[PDB]
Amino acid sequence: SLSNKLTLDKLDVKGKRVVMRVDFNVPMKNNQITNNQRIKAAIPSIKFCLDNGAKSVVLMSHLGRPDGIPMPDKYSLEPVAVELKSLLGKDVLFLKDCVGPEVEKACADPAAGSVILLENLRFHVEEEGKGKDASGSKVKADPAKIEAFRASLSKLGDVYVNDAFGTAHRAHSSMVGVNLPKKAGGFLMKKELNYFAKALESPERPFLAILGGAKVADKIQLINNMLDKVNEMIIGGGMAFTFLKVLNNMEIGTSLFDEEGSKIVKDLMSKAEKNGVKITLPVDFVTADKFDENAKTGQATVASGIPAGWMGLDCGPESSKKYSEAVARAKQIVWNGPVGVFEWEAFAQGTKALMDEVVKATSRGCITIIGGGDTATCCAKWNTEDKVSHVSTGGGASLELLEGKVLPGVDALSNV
């Protein structure tokens, strides 16, 4: 089904005005972009249009959290228009707004081959459907305003293209409110749909899921859904201490413990068993006397237990050995969440070693998929983004898909 959605390559842009939703939510150290990766990732879709005859390409995105109020001094997309021109090697007309008669006029019949970038969509409360006033109060959008906001956006072009997977899990105007005949996913969206269709529809075997992170209670449905698709599962990160404490009665000191999740642990292992899923848990760890980068370090195993006032921040060598064996047997892998506190070098090794194994697995034909967020951040930090099959551009959106939910933005796209 995820494979039945219209994509840019199967769309005729020749001589048509293109309205395209992109992800330009780049990090800014102030008024300077600290990372332009998101802008670069979007170029292939924009260039495809320009090279295939499109009359124009109207770009709309959001940045930061203006919360439905205009804040051009902090979250304006003006800096992005400048970075865009240098990357595309073409001129970019930047408009101070994204809707209105003045914007609609400038988009009615643009100079052929024109690239237009609209101002932050979230300056208007109608994009998210909700926001906050300067008083800090919470305000809800007016349905009549929402309708006019959506009809406006719909006049800026002839065909709609969505390349912002990271926002697909939200029913925002720019995601589900553009009323045009054909709505196709861009090339970035295409990659996300193809790879996750592999994770949820027709996966290769064995299929291994590597789950990490801090909490358990918030990943219950994710684990539940994955247990219905995988053959093996690694449960790492701070999440594993809740499992180890419950199943082995292991002493975990000050390590993270998920009270609510602890009551569901045995029920998750039961389903695993009923499905024939093999679960791999850590067996040793790297401990710390405090939750800090420069903390004193130690070691522990499941048998020895973790000392009082100490916490496990990473898996140890024996756990890395077992993890690597799991990866060795997999023909398909989906990795979501670090297996340790990767933000601090002293506790990032378990995760770095696993990445090295997954990169090696990819070389021999394993399909390796990394989820958005932290995991996706690990790839940029150690330059392996091009060493795996796919690195998701959307953390939360990718998480909702793995949970088995239908994404509003993906659903709005045209079929076949």
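Numbering starts at 1 and follows the sequence shown.
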{"query": "Between the two ranges 41-49 and 346-354, the one averaging a larger CA B factor in the entry", "finding": "41-49"}
{"query": "Residue range whose averaged C-alpha B-factor is higher in the record, 154-162 or 89-97", "finding": "89-97"}
{"query": "Residue with maximal Cα B-factor (values as given in the PDB entry) among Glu102, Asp228, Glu128, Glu251", "finding": "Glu102"}
{"query": "Identity of residue with top Cα B-factor, from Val359, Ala54, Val58, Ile367", "finding": "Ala54"}
{"query": "Where the record places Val13 (Cα B-factor, split into thirds across the chain)", "finding": "highest"}
{"query": "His390 - Cα temperature factor, lowest/middle/highest third of chain", "finding": "lowest"}
{"query": "Entry-reported Cα temperature factor of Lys245, expressed as the chain third it lands in", "finding": "lowest"}
{"query": "Third assignment of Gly177 from its chain's C-alpha B-factors", "finding": "lowest"}
{"query": "Position of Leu268 among the chain's modelled residues by C-alpha B-factor, lowest, middle or highest third", "finding": "lowest"}
